[PDB]
Structure formats: structure tokens, C-alpha cells
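As provided, coords18.cif (mmCIF, C-alpha atoms and all ligand atoms) reads as follows.
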```cif
data_structure
loop_
_atom_site.label_atom_id
_atom_site.label_comp_id
_atom_site.auth_asym_id
_atom_site.auth_seq_id
_atom_site.Cartn_x
_atom_site.Cartn_y
_atom_site.Cartn_z
CA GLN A 2 -9.07 -3.91 13.95
CA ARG A 3 -7.60 -3.70 10.44
CA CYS A 4 -4.21 -4.57 9.01
CA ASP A 5 -1.62 -2.08 10.24
CA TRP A 6 -0.49 -0.99 6.75
CA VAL A 7 -3.83 0.68 5.90
CA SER A 8 -3.93 4.49 6.29
CA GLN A 9 -6.79 6.75 7.41
CA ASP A 10 -7.55 7.49 3.75
CA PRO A 11 -11.10 6.23 3.00
CA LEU A 12 -10.10 5.17 -0.55
CA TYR A 13 -7.42 2.93 0.96
CA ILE A 14 -9.66 1.62 3.79
CA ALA A 15 -12.30 0.59 1.25
CA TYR A 16 -9.55 -1.07 -0.85
CA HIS A 17 -8.32 -3.05 2.19
CA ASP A 18 -11.82 -3.94 3.37
CA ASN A 19 -13.35 -4.87 0.03
CA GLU A 20 -10.66 -5.94 -2.49
CA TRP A 21 -7.32 -6.92 -0.92
CA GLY A 22 -6.94 -10.66 -0.29
CA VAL A 23 -10.31 -11.42 -1.88
CA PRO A 24 -9.86 -14.29 -4.33
CA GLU A 25 -10.00 -13.05 -7.94
CA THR A 26 -10.53 -15.66 -10.66
CA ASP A 27 -11.41 -13.54 -13.66
CA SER A 28 -8.61 -13.49 -16.21
CA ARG A 29 -9.16 -9.87 -17.34
CA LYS A 30 -9.38 -8.62 -13.76
CA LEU A 31 -6.18 -10.51 -12.94
CA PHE A 32 -4.58 -8.91 -15.98
CA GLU A 33 -5.54 -5.42 -14.74
CA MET A 34 -4.03 -6.13 -11.31
CA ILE A 35 -0.70 -7.55 -12.54
CA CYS A 36 -0.40 -4.32 -14.53
CA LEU A 37 -1.35 -2.03 -11.62
CA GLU A 38 1.10 -3.92 -9.41
CA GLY A 39 3.94 -3.31 -11.86
CA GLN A 40 3.05 0.41 -12.00
CA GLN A 41 3.70 0.54 -8.26
CA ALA A 42 7.38 -0.52 -8.59
CA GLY A 43 9.50 1.93 -6.59
CA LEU A 44 6.33 3.74 -5.38
CA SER A 45 3.54 3.32 -2.81
CA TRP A 46 0.20 1.62 -3.48
CA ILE A 47 -1.84 4.76 -2.65
CA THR A 48 -0.20 6.55 -5.60
CA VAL A 49 -1.42 3.84 -7.97
CA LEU A 50 -4.80 3.33 -6.26
CA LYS A 51 -5.66 7.06 -6.51
CA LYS A 52 -4.82 6.82 -10.21
CA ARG A 53 -6.71 3.57 -10.99
CA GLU A 54 -9.70 5.27 -12.69
CA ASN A 55 -7.25 7.29 -14.82
CA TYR A 56 -5.51 4.03 -15.84
CA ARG A 57 -8.86 2.44 -16.73
CA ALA A 58 -9.60 5.51 -18.84
CA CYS A 59 -6.45 5.62 -20.91
CA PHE A 60 -5.88 1.86 -21.18
CA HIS A 61 -9.29 1.01 -22.56
CA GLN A 62 -10.66 -0.44 -19.28
CA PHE A 63 -7.78 -2.97 -19.40
CA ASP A 64 -9.15 -4.72 -22.48
CA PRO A 65 -6.02 -6.56 -23.69
CA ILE A 66 -7.09 -6.50 -27.37
CA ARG A 67 -7.15 -2.70 -27.59
CA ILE A 68 -4.11 -2.28 -25.41
CA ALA A 69 -2.06 -4.70 -27.48
CA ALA A 70 -2.67 -2.57 -30.58
CA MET A 71 -1.06 0.49 -28.96
CA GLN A 72 2.09 1.86 -30.66
CA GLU A 73 4.92 4.39 -30.02
CA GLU A 74 2.57 7.27 -30.75
CA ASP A 75 0.25 6.08 -27.97
CA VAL A 76 3.18 5.76 -25.58
CA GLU A 77 4.14 9.39 -26.35
CA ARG A 78 0.59 10.66 -25.65
CA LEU A 79 0.46 8.64 -22.42
CA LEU A 80 3.76 10.15 -21.37
CA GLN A 81 1.87 13.50 -21.39
CA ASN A 82 -0.96 12.24 -19.13
CA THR A 83 -0.51 13.49 -15.56
CA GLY A 84 -3.25 11.15 -14.34
CA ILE A 85 -1.01 8.10 -14.72
CA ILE A 86 2.68 7.41 -13.93
CA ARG A 87 4.69 9.10 -16.67
CA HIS A 88 7.38 6.52 -17.04
CA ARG A 89 8.16 4.99 -20.41
CA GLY A 90 9.09 1.51 -19.17
CA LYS A 91 5.96 1.30 -17.02
CA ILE A 92 3.66 2.39 -19.89
CA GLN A 93 5.35 -0.02 -22.30
CA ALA A 94 4.97 -2.81 -19.71
CA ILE A 95 1.19 -2.59 -19.81
CA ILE A 96 1.29 -2.94 -23.60
CA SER A 97 3.77 -5.88 -23.45
CA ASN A 98 1.60 -7.50 -20.73
CA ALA A 99 -1.50 -7.23 -22.92
CA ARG A 100 0.29 -8.91 -25.79
CA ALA A 101 1.68 -11.62 -23.53
CA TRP A 102 -1.80 -12.28 -22.08
CA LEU A 103 -3.34 -12.44 -25.54
CA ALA A 104 -0.77 -14.99 -26.72
CA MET A 105 -1.66 -17.22 -23.79
CA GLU A 106 -5.41 -16.80 -24.06
CA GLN A 107 -5.40 -17.29 -27.86
CA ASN A 108 -3.45 -20.54 -27.40
CA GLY A 109 -6.26 -21.78 -25.10
CA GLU A 110 -4.39 -20.99 -21.88
CA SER A 111 -6.38 -19.14 -19.17
CA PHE A 112 -4.33 -16.50 -17.38
CA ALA A 113 -6.42 -17.23 -14.27
CA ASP A 114 -5.55 -20.94 -14.36
CA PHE A 115 -1.92 -20.01 -14.93
CA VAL A 116 -1.48 -17.65 -11.97
CA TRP A 117 -3.56 -19.82 -9.61
CA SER A 118 -1.39 -22.83 -10.41
CA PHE A 119 1.44 -21.21 -8.41
CA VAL A 120 -0.49 -21.55 -5.15
CA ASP A 121 -1.79 -25.03 -5.93
CA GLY A 122 -5.21 -23.60 -6.81
CA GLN A 123 -6.12 -22.64 -3.22
CA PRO A 124 -5.74 -19.42 -1.24
CA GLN A 125 -2.93 -19.76 1.29
CA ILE A 126 -4.15 -18.20 4.63
CA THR A 127 -1.53 -16.63 6.90
CA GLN A 128 -1.09 -17.34 10.57
CA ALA A 129 0.94 -14.12 11.14
CA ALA A 130 -0.32 -11.81 13.93
CA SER A 131 2.01 -9.05 12.72
CA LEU A 132 3.21 -7.66 9.40
CA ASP A 133 6.83 -8.39 10.35
CA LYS A 134 6.09 -12.09 10.04
CA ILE A 135 4.65 -11.69 6.51
CA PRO A 136 7.10 -12.09 3.63
CA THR A 137 7.45 -9.74 0.63
CA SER A 138 8.45 -12.56 -1.75
CA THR A 139 8.37 -16.37 -1.58
CA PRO A 140 9.51 -19.42 -3.61
CA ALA A 141 6.04 -19.30 -5.22
CA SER A 142 6.33 -15.64 -6.21
CA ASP A 143 9.86 -16.38 -7.52
CA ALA A 144 8.37 -19.18 -9.66
CA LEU A 145 5.53 -16.96 -10.89
CA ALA A 146 7.98 -14.17 -11.76
CA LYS A 147 10.24 -16.53 -13.70
CA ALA A 148 7.26 -17.89 -15.64
CA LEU A 149 5.76 -14.47 -16.39
CA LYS A 150 9.13 -13.18 -17.60
CA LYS A 151 9.62 -16.19 -19.86
CA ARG A 152 6.13 -15.68 -21.28
CA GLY A 153 6.81 -12.03 -22.13
CA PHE A 154 5.40 -10.07 -19.21
CA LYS A 155 7.18 -6.95 -17.94
CA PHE A 156 7.53 -5.29 -14.52
CA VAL A 157 6.80 -8.64 -12.86
CA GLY A 158 9.70 -9.12 -10.47
CA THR A 159 9.20 -11.47 -7.54
CA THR A 160 8.12 -8.73 -5.08
CA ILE A 161 5.60 -7.36 -7.62
CA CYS A 162 4.27 -10.90 -8.09
CA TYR A 163 3.92 -11.50 -4.34
CA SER A 164 2.03 -8.19 -3.94
CA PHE A 165 -0.23 -9.30 -6.80
CA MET A 166 -0.76 -12.69 -5.09
CA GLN A 167 -1.81 -10.85 -1.90
CA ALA A 168 -4.01 -8.34 -3.66
CA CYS A 169 -5.86 -10.94 -5.68
CA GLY A 170 -6.24 -13.45 -2.85
CA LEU A 171 -3.88 -16.14 -4.11
CA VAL A 172 -2.53 -15.72 -0.58
CA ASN A 173 -4.64 -14.22 2.23
CA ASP A 174 -2.19 -12.14 4.25
CA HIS A 175 -4.61 -10.23 6.54
CA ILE A 176 -3.11 -10.46 10.03
CA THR A 177 -5.01 -12.77 12.40
CA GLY A 178 -6.25 -9.78 14.38
CA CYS A 179 -7.78 -8.09 11.30
CA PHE A 180 -11.58 -8.34 11.05
CA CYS A 181 -11.08 -9.53 7.45
CA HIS A 182 -9.08 -12.58 8.56
CA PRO A 183 -11.09 -15.89 8.15
ZN ZN A 201 -6.63 -6.84 6.91
#
```

Rewritten as C-alpha cells:
Amino acid sequence: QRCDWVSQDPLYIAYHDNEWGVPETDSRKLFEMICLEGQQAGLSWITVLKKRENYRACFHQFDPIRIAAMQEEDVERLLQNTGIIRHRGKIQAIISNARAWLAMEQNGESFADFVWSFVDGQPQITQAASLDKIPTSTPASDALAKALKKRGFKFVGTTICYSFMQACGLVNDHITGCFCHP
């Protein structure tokens, strides 16, 4: 059995089976996922997942240095790229997020340490047997959203942050029946 929210799409099955809820501790990889999670605001994950390679291609493999140097002209070219989400606020958010991440990392602050601090450094494993008993935001995601906003990140509302926590294994929200549950 798998989590009920997975579709029959093999791209999504692989994502569920191999990536979702798996603890991620690399700062750059965490950066990529907070960005991809913000791109999904108002949309479904499959839309963003199917576009992930396109994002990696026009955002310099989520290297924050190169992204941070992007300007209005880059935003305008990206707004013409049908392989990503053509939404000005969403494109600008990736650029703001790169700059925000750089300002932390250059000040000696690991982004990985930062996000992991909100779950006390340890994956929180669910006891829910059904998706209805799994929240979409928590006090911890509220705290992470407030901190990210204060530090200059964009498209990081509390629901986005909780999805990010799930995706990157800060919480493990596979249902207890799922073969991926501990
Ligand atoms: Zn699962």
C-alpha cells in the first residue's frame, strides 16, 4: 500500500516512493525544495513535479549565487518560458529566496540547521492511519513561515512551509499503512 494522495502517474509514484518524507540535510537541496514548494501555491504538486527539470534548467540548477544575480530582464525572459510557471511573483520569489539564502549562508548560518531547528532537529513521525488526520499546517510551520518571511524569503506561507517539511522529511507523514512508513 502507498499513501492515498499518490496518483497512477509513474513520475509521481517514484517521487512518493523515493523522495517524499526522506530526510534532506543538504542546504542547497533544501533551498531548491522551498522554491519548488512556493511554485506550487494555488496549484497541484504534479504540475510542479513535471516541470522540475525545466526549473533546474532555467534557474541554474538552483545554484543560489547565479540565481541571486538575476535581474528584471531575466524575469521577462522567464515569463516567456512555457516549461515553468509563468507568474511574475513566483519567478521573483525564487530570486528573492536565493538572495535570502545567500545572506544567511554568508553570515555563517546554515539553511539546513535553520529549517531543521523548527522540528527540534529530529524527523517527527506520524501516527495517522488516514490523510484526514494529517494537518496541512502546524505551530511549527507557522513559526518557520514567520522566520522565513522576516529573513526575506517569498512564497513561504505556513501551508507551503508544512508541505516543504513533509517533502524534505522534517516530518514523516506517510500513513501507517504505507510501505514507506517506519
Ligand atoms: Zn507513503

From A:79, A:130, A:96, A:116, residue lying nearest residue 63 (chain A) [only C-alpha atoms]
A:96

For residue 35 (chain A), which of A:122, A:127, A:98, A:170 is the closest residue, counting only C-alpha atoms?
A:98

Give the residues close to ligand ZN 201 (chain A), within 12 Å, counting only C-alpha atoms and all ligand atoms; write them as a ChimeraX atom specification.
/A:2-8,13-23,126-127,129-132,167-168,170,173-183

Expected file: the selected residues, C-alpha atoms, as a PDB file, keeping the file's coordinate frame:
```pdb
ATOM      1  CA  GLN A   2      -9.070  -3.910  13.950  1.00  0.00           C
ATOM      2  CA  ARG A   3      -7.600  -3.700  10.440  1.00  0.00           C
ATOM      3  CA  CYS A   4      -4.210  -4.570   9.010  1.00  0.00           C
ATOM      4  CA  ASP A   5      -1.620  -2.080  10.240  1.00  0.00           C
ATOM      5  CA  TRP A   6      -0.490  -0.990   6.750  1.00  0.00           C
ATOM      6  CA  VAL A   7      -3.830   0.680   5.900  1.00  0.00           C
ATOM      7  CA  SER A   8      -3.930   4.490   6.290  1.00  0.00           C
ATOM      8  CA  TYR A  13      -7.420   2.930   0.960  1.00  0.00           C
ATOM      9  CA  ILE A  14      -9.660   1.620   3.790  1.00  0.00           C
ATOM     10  CA  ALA A  15     -12.300   0.590   1.250  1.00  0.00           C
ATOM     11  CA  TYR A  16      -9.550  -1.070  -0.850  1.00  0.00           C
ATOM     12  CA  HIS A  17      -8.320  -3.050   2.190  1.00  0.00           C
ATOM     13  CA  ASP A  18     -11.820  -3.940   3.370  1.00  0.00           C
ATOM     14  CA  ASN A  19     -13.350  -4.870   0.030  1.00  0.00           C
ATOM     15  CA  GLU A  20     -10.660  -5.940  -2.490  1.00  0.00           C
ATOM     16  CA  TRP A  21      -7.320  -6.920  -0.920  1.00  0.00           C
ATOM     17  CA  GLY A  22      -6.940 -10.660  -0.290  1.00  0.00           C
ATOM     18  CA  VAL A  23     -10.310 -11.420  -1.880  1.00  0.00           C
ATOM     19  CA  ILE A 126      -4.150 -18.200   4.630  1.00  0.00           C
ATOM     20  CA  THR A 127      -1.530 -16.630   6.900  1.00  0.00           C
ATOM     21  CA  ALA A 129       0.940 -14.120  11.140  1.00  0.00           C
ATOM     22  CA  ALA A 130      -0.320 -11.810  13.930  1.00  0.00           C
ATOM     23  CA  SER A 131       2.010  -9.050  12.720  1.00  0.00           C
ATOM     24  CA  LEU A 132       3.210  -7.660   9.400  1.00  0.00           C
ATOM     25  CA  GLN A 167      -1.810 -10.850  -1.900  1.00  0.00           C
ATOM     26  CA  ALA A 168      -4.010  -8.340  -3.660  1.00  0.00           C
ATOM     27  CA  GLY A 170      -6.240 -13.450  -2.850  1.00  0.00           C
ATOM     28  CA  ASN A 173      -4.640 -14.220   2.230  1.00  0.00           C
ATOM     29  CA  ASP A 174      -2.190 -12.140   4.250  1.00  0.00           C
ATOM     30  CA  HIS A 175      -4.610 -10.230   6.540  1.00  0.00           C
ATOM     31  CA  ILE A 176      -3.110 -10.460  10.030  1.00  0.00           C
ATOM     32  CA  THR A 177      -5.010 -12.770  12.400  1.00  0.00           C
ATOM     33  CA  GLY A 178      -6.250  -9.780  14.380  1.00  0.00           C
ATOM     34  CA  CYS A 179      -7.780  -8.090  11.300  1.00  0.00           C
ATOM     35  CA  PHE A 180     -11.580  -8.340  11.050  1.00  0.00           C
ATOM     36  CA  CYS A 181     -11.080  -9.530   7.450  1.00  0.00           C
ATOM     37  CA  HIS A 182      -9.080 -12.580   8.560  1.00  0.00           C
ATOM     38  CA  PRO A 183     -11.090 -15.890   8.150  1.00  0.00           C
TER      39      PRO A 183
END
```

From the list A:11, A:117, A:158, A:172, which residue is nearest residue 27 (chain A) when using all atoms listed in the file?
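Closest residue, counting all atoms listed in the file: A:117.
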
Atomic separation - CA of residue 31 (chain A) relative to CA of residue 112 (chain A), Å:
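CA of residue 112 (chain A) sits 7.7 Å away from CA of residue 31 (chain A).
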
How far is it from CA of residue 138 (chain A) to CA of residue 89 (chain A), in Å with one decimal?
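Taking CA of residue 138 (chain A) and CA of residue 89 (chain A), their separation equals 25.6 Å.
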
For a test of reading the model, state the distance in Å between CA of residue 85 (chain A) and CA of residue 28 (chain A), rounded to one decimal.
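Distance reported for this atom pair: 22.9 Å.
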
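Residue nearest residue 142 (chain A), chosen from A:125, A:36, A:154, A:166 and counting only C-alpha atoms: A:166.
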
Of the candidates A:133, A:73, A:143, A:33, which one gets nearest to residue 102 (chain A) if we count all atoms listed in the file?
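Counting all atoms listed in the file, the residue closest to residue 102 (chain A) is A:33.
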
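Between residue 58 (chain A) and the residues A:84, A:159, A:134, A:144, the shortest atom-to-atom distance, using all atoms listed in the file, involves A:84.
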
Neighbour list for residue 70 (chain A) as a ChimeraX atom specification, cut-off 10 Å, only C-alpha atoms, skip fewer than 4 positions in-chain
/A:65-66,75,96,99-100

Output of the above residues as a PDB file, in the frame of the given file, restricted to C-alpha atoms:
```pdb
ATOM      1  CA  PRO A  65      -6.020  -6.560 -23.690  1.00  0.00           C
ATOM      2  CA  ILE A  66      -7.090  -6.500 -27.370  1.00  0.00           C
ATOM      3  CA  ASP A  75       0.250   6.080 -27.970  1.00  0.00           C
ATOM      4  CA  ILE A  96       1.290  -2.940 -23.600  1.00  0.00           C
ATOM      5  CA  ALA A  99      -1.500  -7.230 -22.920  1.00  0.00           C
ATOM      6  CA  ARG A 100       0.290  -8.910 -25.790  1.00  0.00           C
TER       7      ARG A 100
END
```

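If you count all atoms listed in the file and ignore residues fewer than 3 places along the chain from residue 94 (chain A), what sits within 7 Å of it is residues 90, 91, 97, 98, 155 and 156 of chain A.
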